[PDB]
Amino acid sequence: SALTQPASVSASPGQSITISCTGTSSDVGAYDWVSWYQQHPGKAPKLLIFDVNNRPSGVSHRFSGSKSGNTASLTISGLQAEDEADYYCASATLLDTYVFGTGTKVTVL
């Protein structure tokens, strides 16, 4: 199956938003091997978070990751218009595979 995320999230500018990512004990709830990706329409995904909270160099600290049990989350602080994109969580599994989330479309009003 896939990781559960809301199809879309709508928020006003400069307001923080949290995106949920619900998996199972065989993926999200196994280890901290959970990643987050920003995808602008028609462009290749960009790694935002690796591990649970680790941001690679060049990624804004407005993007922050968290995890508790089978649930992982992505918080986008001080939401800007450029943040308008699709967000996918991913997790490796005990089956030695990877599983992507359904995807979350963020919109700024």
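Quick note: we count residues from 1 along the sequence shown, nothing fancier.
For the two regions 62-70 and 75-83, the entry's Cα B-factors average higher over 75-83. Of the two stretches examined, 23-31 and 38-46, the record assigns the greater average C-alpha temperature factor to 38-46.
Sort the chain's modelled residues by C-alpha temperature factor and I17 lands in the highest third, per the entry. In the PDB entry, a CA B factor belonging to the middle third of its chain's modelled residues is recorded for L95. In the deposited entry, the Cα temperature factor of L109 places it in the highest third of its chain's modelled residues.
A2: CA B factor in the middle third of modelled residues in this chain (values from the PDB entry).
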